[PDB]
């Protein structure tokens, strides 16, 4: 016989413990034990428990199987989250270490030692069990679709229908459900306080963030009305993804030197500034044809010739910006809709009537808000990356090194996206496109999505926004690029530990199925779709790196930059309205403060926008931030060294951002590693 010393580490998360009866079967080269009882004492969350069981001597241990009887009549929560099992056999001179970091329901198979690719040499019984795991994953983790024009999501009726490995922790559930209760309370309290106010100035909106715990006053509250800070936010606000270098005006945007000359300040006219690379543009054309709430449909001309019903408007503006001699991005011209003419003219900061320029900025702001929330945030982080999270569960075995790499980063997205698909939520009460056009709009955007868009260096280059001498003070870019490189370096080092060359990439059928599943069933090239840029297979380590870097960066950094920026951005509503209530003007000279206030969001619309931001930006008490791999399943020493390097590099990037920030009038904090969750979980 053999003596086996067995130590089980239980996860610290809530409900991690069990009082199920637990047994363990040990398999090795010589045979296998029966199920042996792990009998005395409790399995509490965070516990490290020791057992000595005796049984057939299996020789060199090859795998183990844990069994839970699923508890008895009184068991509150028999599911048991196991971190690791360590075993010493009295007959083998070594320590077997079995990473888990997954929920044990009834049966769990675990292998000792380092991650392997499916073709690495292992006992046949290990290979058979790997295949059984993958077969089982394909039944639990299934595709489903909002429509032919949306990226694949997880099939699940409600959150509690998700497999436990992909549900929120009980901590995240509490964080989330508690934040909805507080939103409702803060709304009701605020509604009482402001019940009989007549809103008659921009400054009345400050009341609305005042009884909310937001992390501080939105940092644009004192400056939103200055052109300089309006422009700044196209670089450093919630939507830093659409501005591009203008190398020629669009044909439908006929801004002349005479429109903007009073704004230029380096001694050159528009044509020269265009050639000098100091002219930048955003074009919201994708918003043409959008159906806003109450029924208006956006046209190239705006809206046709139409009591207080809830009717909302949006725009498809172009706007032109100029980097002035002090390095500030200045807004210099806005055309509210696509089709130039006397009814859709060009507004500049030199309007005879100052209210007309303000109103033009609000229309540009409403376009941006609906674009940002639906395309930039929801679709391009949450919904699109969700397909890859799902594929990872379907196709990558738990012993696979790239399963182990992705685990900290895919966590959360399935949970929150399933919740969201249930939670007339908001959307609906706080966005002009709420009520159903928001789905059509994301479909519209999805048809253009390409995987190459998720490549940060390439996208910035392509936009022409990557030269700090022509476009200064772009901290999303600077911090983004430093994080991208750190992530890429680390991912490259992981790959090299397990893939020794490109044939290893080609021979790995799991990584091949992983990418193929997204290509075929995830980002489906359907009728009317552009190619989505997802490869059908992998041919090289470098290609494998690029895709994993895109993906990890997007889960963590990109989602953080466009999500957690929302308090500063939307907290003071006039800085970024997401609903407007009247149609654009058809001539100059009509705007007054009063007409402007009746166009801007109402008090409850603005309050419901703040409530949404409060929910979508609440970090949970158990959040893990970028590089914090304390709940990961790695055993390989070289992999742990790579992790060490990555963490020291993030720490260096962190200090550097802090030192940059202390010389900034408005520090840029959303891409600090300690503020970037590993994943998209809210």
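Residue numbers count along the first chain shown, from 1.
S.K.: Compare the other PDB entries of this protein and indicate whether residue 305 is left unmodelled in at least a third of them.
M.R.: Yes, residue 305 lacks coordinates in at least a third of the other compared entries.
S.K.: Can you count, per the entry, how many deposited residues between residue 171 and residue 172 come without coordinates? Answer none, 1 to 3, 4 to 9, or 10 or more.
M.R.: Gap between residue 171 and residue 172: none.
S.K.: Unmodelled stretch from the deposited sequence between residue 306 and residue 307, which bin: none, 1 to 3, 4 to 9, 10 or more?
M.R.: Some 4 to 9 residues are missing between them.
S.K.: Going by the B-factors listed in the PDB entry, is the mean over the C-alpha atoms higher for 598-606 or for 320-328?
M.R.: Mean C-alpha B-factor is greater for 598-606.
S.K.: Would you tell me which stretch averages the higher CA B-factor in the PDB entry, 225-233 or 426-434?
M.R.: If you average the C-alpha B-factors of 225-233 and of 426-434, the larger mean comes out for 426-434.
S.K.: Out of 462, 130, 477, 278, which residue has the highest Cα temperature factor in the PDB record?
M.R.: That would be 130, according to the entry.
S.K.: Among the candidates 341, 472, 457, 408, give the one with the maximum CA B-factor reported in the record.
M.R.: Max CA B-factor in the entry, restricted to 341, 472, 457, 408: 341.
S.K.: Ranking every modelled residue in this chain by its Cα temperature factor as given in the entry, which third contains residue 58?
M.R.: CA B-factor rank for residue 58: middle third.
S.K.: Sorting the chain's modelled residues by C-alpha B-factor, tell me whether residue 351 ends up in the lowest, middle or highest third.
M.R.: Residue 351: CA B-factor falls in the highest third of its chain.
S.K.: C-alpha B factor of residue 70, ranked within the chain: lowest, middle or highest third?
M.R.: Top third by C-alpha B-factor.
S.K.: Which third of the chain does residue 443 land in by C-alpha B-factor: lowest, middle or highest?
M.R.: It falls in the bottom third of the chain.
S.K.: Looking at the temperature factor on the CA atom of residue 401, which third of the chain's modelled residues does it land in?
M.R.: Bottom third by C-alpha B-factor.
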